[PDB]
Amino acid sequence: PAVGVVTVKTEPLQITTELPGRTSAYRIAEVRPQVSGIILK
Amino acid sequence: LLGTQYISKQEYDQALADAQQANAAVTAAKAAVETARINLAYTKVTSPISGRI
């Protein structure tokens with residue numbers, strides 16, 4: 001009986017959440033006419 | 001009336017005052033008139049562009 005052995009200790013682990021998501025500008029503005037009428041150009 | 005100094009330069013000032021502003025009121029008017037007329041121009045819808053309707 002001789003086996004490869006790895007004695008266990010405390011190992012700091014920074015592995016953490018890998019979770020979902022969607023992305024957005026910021027920077028996610030719009031252009032809304034504040035003056036009404038016909039678009040000339 | 002100011003040539004021979006028959007009024008008050010003050011007075012003439014006042015006269016020009018309205019005569020100044022008066023037309024401005026006119027300006028306030030013609031600006032006004034066009035406004036609605038413009039709307040009456042809005043009525044009778046103009047194609048803002050050209051092409052097949």
# chains A, B, ... in the order shown; residues from 1 in each chain; ligands from 1
>>> interface_residues(of="chain B", to="chain A", cutoff="10 Å", atoms="only C-alpha atoms", output="VMD selection string")
chain B and resid 42 47 to 49
>>> select_by_dssp(residues="chain B", states="helix (DSSP H, G or I)", output="ChimeraX atom specification")
/B:9-42
>>> atom_distance(atom1="atom CA of residue B:31", atom2="atom CA of residue A:33")
23.5 Å
>>> decode(residues="stretch 6-41 of chain A", atoms="N, CA and C atoms", output="compact mmCIF listing (two decimals), in the first residue's frame")
# COMPACT_ATOMS: atom_id res chain seq x y z
N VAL A 6 -1.85 13.84 -1.29
CA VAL A 6 -1.76 15.29 -1.22
C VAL A 6 -2.42 15.73 0.08
N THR A 7 -1.62 16.20 1.03
CA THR A 7 -2.14 16.63 2.31
C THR A 7 -2.87 17.95 2.12
N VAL A 8 -4.05 18.08 2.72
CA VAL A 8 -4.90 19.22 2.42
C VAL A 8 -4.66 20.32 3.44
N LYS A 9 -4.72 21.56 2.98
CA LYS A 9 -4.60 22.74 3.82
C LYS A 9 -5.59 23.78 3.33
N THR A 10 -5.56 24.95 3.97
CA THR A 10 -6.41 26.05 3.53
C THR A 10 -5.78 26.76 2.35
N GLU A 11 -6.52 26.84 1.25
CA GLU A 11 -6.06 27.51 0.07
C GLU A 11 -6.98 28.68 -0.26
N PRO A 12 -6.49 29.91 -0.19
CA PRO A 12 -7.35 31.06 -0.49
C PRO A 12 -7.81 30.98 -1.93
N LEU A 13 -9.10 31.18 -2.13
CA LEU A 13 -9.70 31.08 -3.45
C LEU A 13 -10.51 32.34 -3.74
N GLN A 14 -10.17 33.03 -4.82
CA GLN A 14 -10.94 34.21 -5.20
C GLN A 14 -12.01 33.87 -6.23
N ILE A 15 -12.17 32.60 -6.58
CA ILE A 15 -13.25 32.22 -7.48
C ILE A 15 -14.57 32.64 -6.84
N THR A 16 -15.45 33.22 -7.64
CA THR A 16 -16.70 33.76 -7.14
C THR A 16 -17.70 33.78 -8.28
N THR A 17 -18.81 34.48 -8.08
CA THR A 17 -19.93 34.41 -9.00
C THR A 17 -19.49 34.70 -10.43
N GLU A 18 -19.90 33.82 -11.33
CA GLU A 18 -19.97 34.12 -12.75
C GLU A 18 -21.44 34.08 -13.14
N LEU A 19 -22.02 35.24 -13.38
CA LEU A 19 -23.47 35.34 -13.50
C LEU A 19 -23.79 36.02 -14.82
N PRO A 20 -25.06 36.17 -15.14
CA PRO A 20 -25.43 36.66 -16.47
C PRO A 20 -25.52 38.17 -16.58
N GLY A 21 -25.84 38.67 -17.77
CA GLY A 21 -26.10 40.09 -17.89
C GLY A 21 -26.21 40.63 -19.30
N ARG A 22 -26.75 41.84 -19.42
CA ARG A 22 -26.80 42.52 -20.70
C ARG A 22 -26.02 43.82 -20.62
N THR A 23 -25.62 44.34 -21.77
CA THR A 23 -24.77 45.52 -21.78
C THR A 23 -25.51 46.73 -22.33
N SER A 24 -25.07 47.91 -21.92
CA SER A 24 -25.73 49.16 -22.30
C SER A 24 -24.71 50.27 -22.48
N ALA A 25 -25.06 51.24 -23.31
CA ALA A 25 -24.18 52.37 -23.59
C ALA A 25 -23.71 53.04 -22.30
N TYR A 26 -24.23 54.23 -22.00
CA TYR A 26 -23.81 54.93 -20.78
C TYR A 26 -24.40 56.33 -20.52
N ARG A 27 -24.53 57.20 -21.53
CA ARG A 27 -24.18 56.98 -22.94
C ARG A 27 -25.30 56.28 -23.71
N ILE A 28 -26.39 55.97 -23.01
CA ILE A 28 -27.54 55.32 -23.61
C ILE A 28 -28.68 56.33 -23.75
N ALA A 29 -28.36 57.50 -24.29
CA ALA A 29 -29.34 58.57 -24.47
C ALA A 29 -30.20 58.41 -25.72
N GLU A 30 -31.00 59.44 -25.99
CA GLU A 30 -31.90 59.47 -27.13
C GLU A 30 -31.93 60.87 -27.73
N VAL A 31 -32.68 61.01 -28.82
CA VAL A 31 -32.94 62.31 -29.41
C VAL A 31 -34.44 62.42 -29.58
N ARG A 32 -35.04 63.20 -28.80
CA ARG A 32 -36.46 63.49 -28.69
C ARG A 32 -36.74 64.93 -29.08
N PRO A 33 -37.50 65.17 -30.14
CA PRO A 33 -37.81 66.56 -30.48
C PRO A 33 -38.59 67.18 -29.34
N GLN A 34 -38.06 68.28 -28.84
CA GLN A 34 -38.72 69.13 -27.87
C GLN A 34 -39.48 70.25 -28.56
N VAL A 35 -39.40 70.31 -29.88
CA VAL A 35 -40.11 71.29 -30.68
C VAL A 35 -40.86 70.53 -31.77
N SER A 36 -42.13 70.87 -31.97
CA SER A 36 -43.00 70.07 -32.82
C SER A 36 -43.06 70.63 -34.24
N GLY A 37 -43.11 69.74 -35.22
CA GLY A 37 -43.34 70.15 -36.59
C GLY A 37 -42.73 69.18 -37.57
N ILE A 38 -42.48 69.72 -38.77
CA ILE A 38 -41.96 68.92 -39.87
C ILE A 38 -40.44 68.90 -39.84
N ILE A 39 -39.87 67.73 -40.10
CA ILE A 39 -38.42 67.62 -40.13
C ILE A 39 -37.96 68.15 -41.47
N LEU A 40 -37.23 69.25 -41.46
CA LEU A 40 -36.82 69.80 -42.74
C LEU A 40 -35.65 69.03 -43.31
N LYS A 41 -34.68 68.70 -42.47
CA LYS A 41 -33.57 67.88 -42.92
C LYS A 41 -32.95 67.14 -41.76
